[PDB]
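J.: build me a structure from this.
(one chain, ligands or ions: 2)
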Amino acid sequence: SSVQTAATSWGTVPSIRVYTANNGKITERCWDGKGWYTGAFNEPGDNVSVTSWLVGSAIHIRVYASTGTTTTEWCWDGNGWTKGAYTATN
Ligand SMILES: OC[C@@]1(O)OC[C@@H](O)[C@@H](O)[C@@H]1O
Ligand SMILES: OC[C@@]1(O)OC[C@@H](O)[C@@H](O)[C@@H]1O
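T.: Residues are numbered from 1 along each chain as shown. Ligands and ions are numbered 1, 2, ... in the order given. What follows is the structure:
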């Protein structure tokens, strides 16, 4: 019933991203040190997890969005959210 969240952060400022699954939709709130704002991520799902890593100064984010038994990976690599190659054990 309650919304479900996932969070990641990078750097020392820091940057933070919080993903919320609410009524089948996952949205994103962002912090880079100057206030919270709404990010570009919008994808369907009831459950969400996230991980991220830096390559130098560039952030890479992977969001795992689940509905039923299907998990979709979404990828941020600097230029829009793209569907990743992740598949389950099937
Ligand atoms: O600067 C904000 C932004 O580009 O940061 C990287 C990702 O979190 C995006 O969804 C988000 O819109
Ligand atoms: O560049 C995207 C990608 O190759 O990044 C590593 C993994 O997240 C993969 O599933 C994904 O397709």
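
J.: residue 48 and ligand 1: what is the separation?
T.: Distance, residue 48 to ligand 1, using CB to the nearest ligand atom, to the nearest Å: 13 Å. Heads up, the C-betas are built off the backbone N, CA and C, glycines and all.

J.: wait, that residue touches residue 67, no?
T.: No. If you go by CB atoms under 8 Å, residue 48 and residue 67 don't touch, sitting 10.6 Å apart.

J.: excluding residues flanking it in the chain, which one is nearest the residue nearest in space to the middle of the chain?
T.: Nearest to the mean C-alpha position of the chain, by CA atoms, centre = their mean, lies residue 63 at 3.9 Å. Nearest residue to residue 63, sequence neighbours excluded (CB to CB, 6 or more residues apart in numbering): residue 74, at 4.5 Å.

J.: circling back to that earlier point, roughly how far does the residue nearest to the centre of the chain sit from ligand 2?
T.: Counting by CB to the nearest ligand atom, the gap from residue 63 to ligand 2 is 10 Å.

J.: does residue 21 belong to a helix, a strand or coil?
T.: Three-state secondary structure (criterion: DSSP: H, G, I helix; E, B strand; the rest coil) places residue 21 in strand.

J.: bridged to it, which residues?
T.: residue 4, residue 26 (DSSP bridges).

J.: up against ligand 1, what does this protein have?
T.: Residues of the chain lying close to ligand 1 by CB under 6 Å from any ligand atom are 17, 28, 30, 39, 40, 41, 76.

J.: cutoff 8 Å now
T.: Neighbours of ligand 1 within the chain, by CB under 8 Å from any ligand atom: 15, 17, 28, 30, 32, 37-41, 59, 61, 76, 81.
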